[PDB]
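For the single chain, residues carry numbers from 1 onward in sequence order. Worth knowing before you read on, the calculation uses all heavy atoms, side chains too, and leaves out hydrogens, waters and symmetry mates.
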Amino acid sequence: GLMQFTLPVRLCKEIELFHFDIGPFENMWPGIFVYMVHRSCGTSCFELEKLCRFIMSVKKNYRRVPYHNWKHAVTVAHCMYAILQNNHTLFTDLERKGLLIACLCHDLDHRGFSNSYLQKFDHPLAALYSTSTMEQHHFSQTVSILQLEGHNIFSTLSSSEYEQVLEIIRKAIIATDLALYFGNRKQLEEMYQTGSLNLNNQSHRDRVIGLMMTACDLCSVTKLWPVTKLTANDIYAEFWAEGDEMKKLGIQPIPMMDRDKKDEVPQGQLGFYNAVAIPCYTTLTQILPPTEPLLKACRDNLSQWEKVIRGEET
Ligand SMILES: Cn1ncc(C(=O)O)c1C(=O)Nc1ccn2cc(-c3ccccc3)nc2n1
Ligand SMILES: [Mg+2]
Ligand SMILES: [Zn+2]
């Protein structure tokens, strides 16, 4: 109760900033997450014995893959922390509770392959979940861990409150299926520009939370350039692994996943910032103005990719 987590001065200052990197020391990541929960939600939101148990069970069900790993999970949770701390009054006590948990859990038991590879491999999960295959699995995995002995971090919530937070977490996790982002953003774009957007409307909150979930999921493009550049090595390691597997199925993979076409990466990253990232952070800054640093940092990294193509960098 009166046991408060403290970080060293640099982490304690840097952690409030959107572009914060959680560093290479795994054993500090759980304490970084508990520190963020206590500050976002309160020191009384969760029982520390159950939280710590939940956090280590979630860790254990993240696989040792180049990108979609325990580190990604805590990085996406930190972005959400940054957004919630800069939009203090606009979110309920349940939403703060659920959105940090959702972010930690959003890629549970990820194997490093897209929903498409699962469908073409004819994976059992692709028979069980027709769309957002992995994301339905990540939620399933979350509920399993919440149903483990001494892992129910929402024990103090009522029947109705429990159902509401699990519904927040479910929509939040489904929303990280990028294929749904495009329509979600376009609809948010139209609602903001006509003035019909209303945060008292639940279906509108759902959409805004979904865009926050995309923004947190992509926050690798909103770090300082040295971190963005090095993260990209981890992303393409999975993509090219997936391409190799497509070639084993007898399918020529998209260039993005073809390691023979790695020379086309800088221009590929250019496309992704224009088609996905900039649009995403633009609409987010429109709806939630204090999230502007994410746009600025994204814009800065777009410019760094342009310099790579021009041959000013390697
Ligand atoms: C989902 N997600 N989350 C983070 C990131 C990220 O990249 O940081 C991504 C991601 O979708 N990236 C993309 C998207 C489209 N691409 C097309 C090429 C490309 C094409 C041709 C040749 C060489 C590369 N590379 C791409 N990378
Ligand atoms: Mg995912
Ligand atoms: Zn993710």
With a 6.0 Å cut-off (strictly less than), is the heavy-atom count around [atom1] of [X], excluding the residue itself, greater than 12?
X      : atom1 : answer
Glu312 : CD    : yes
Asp122 : CG    : no
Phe121 : CZ    : no
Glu163 : CD    : no

Side-chain contact test, heavy atoms from C-beta onward, threshold under 4.5 Å: evaluate it for [X] versus [Y] and give yes or no.
X      : Y      : answer
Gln136 : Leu125 : no
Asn69  : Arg64  : no
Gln304 : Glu313 : yes
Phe5   : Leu48  : yes
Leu218 : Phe272 : yes

[X] side-chain N/O to [Y] backbone N/O, donor-acceptor pair under 3.5 Å:
X      : Y      : result
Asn86  : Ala82  : yes
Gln269 : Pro266 : no
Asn201 : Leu197 : no
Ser40  : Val37  : no
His106 : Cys103 : yes

| query | What residue among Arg63, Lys59, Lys60 forms salt bridge (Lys or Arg N to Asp or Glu O under 4.0 Å) with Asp109? | reply |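 The option that passes is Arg63.
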
Give a yes or no on whether a salt bridge exists between [X] and [Y], defined as a side-chain N under 4.0 angstrom from a carboxylate O.
X      : Y      : result
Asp244 : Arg259 : yes
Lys71  : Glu26  : no
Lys296 : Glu292 : no
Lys247 : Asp258 : yes
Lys248 : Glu245 : yes
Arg170 : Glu167 : yes

Any chain of hydrophobic side-chain contacts (each under 4.5 Å) joining [X] to [Y]?
X      : Y      : value
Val65  : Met257 : no
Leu199 : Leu211 : yes
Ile278 : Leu288 : yes
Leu166 : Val58  : yes

For [X] and [Y], which I'm curious about, is there any donor-acceptor pair between the side chains at under 3.5 Å?
X      : Y      : result
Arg299 : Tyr281 : no
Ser155 : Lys50  : yes
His110 : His72  : no
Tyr62  : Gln141 : no
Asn115 : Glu135 : yes
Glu242 : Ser114 : yes
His151 : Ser57  : yes
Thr283 : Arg185 : yes

Nearest 0.5 Å please: distance from the [atom1] atom of [X] over to the [atom2] atom of [Y].
X      : Y      : atom1 : atom2 : value
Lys223 : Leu17  : NZ    : CG    : 9.5 Å
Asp300 : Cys298 : CG    : SG    : 9.5 Å
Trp225 : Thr228 : CH2   : OG1   : 7.0 Å
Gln164 : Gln202 : CD    : CD    : 8.5 Å
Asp107 : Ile173 : CG    : CD1   : 9.0 Å
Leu84  : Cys216 : CG    : SG    : 7.5 Å

| Residue pair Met36, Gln85: steps toward the side chain to side chain contact (heavy atoms under 4.5 Å, CB included) verdict | CA-CA 10 Å; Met36 288 189 293; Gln85 284 282 282; over 6 Å; no

| said: Is the distance from the ring center of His78 to that of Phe20 below 6.0 Å? | reply: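 Yes; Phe20 has its ring centre under 6.0 Å from that of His78.
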
| Centres of the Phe46 and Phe154 rings: under 6.0 Å? |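 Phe46 vs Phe154: aromatic centres under 6.0 Å.
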
Residue pair [X] / [Y]: nearest heavy atoms and the distance that separates them:
X      : Y      : value
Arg96  : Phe91  : NE-O, 3.9 Å
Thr222 : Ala297 : O-CB, 3.1 Å
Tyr35  : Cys12  : OH-SG, 3.6 Å
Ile22  : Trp29  : O-NE1, 3.2 Å
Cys79  : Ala215 : SG-O, 4.3 Å
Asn301 : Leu224 : OD1-C, 4.3 Å

| Which class fits the ring pair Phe113 and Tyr117: parallel under 30°, tilted 30 to 60°, perpendicular over 60°? |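 Tilted.
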
| Between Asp217 and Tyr181, is a side-chain hydrogen bond (donor to acceptor under 3.5 Å, both in side chains) present by the stated rule, with each step listed? | CA-CA 11 Å; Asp217 199 28; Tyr181 146 75; over 6 Å; no

| request: Report the C-alpha distance between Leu284 and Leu295 in whole Å, list the side-chain angles of each, state the deciding distance to 0.1 Å, and finish with yes or no for side chain to side chain contact (heavy atoms under 4.5 Å, CB included). | output: CA-CA 9 Å; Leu284 188 59; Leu295 182 56; over 6 Å; no

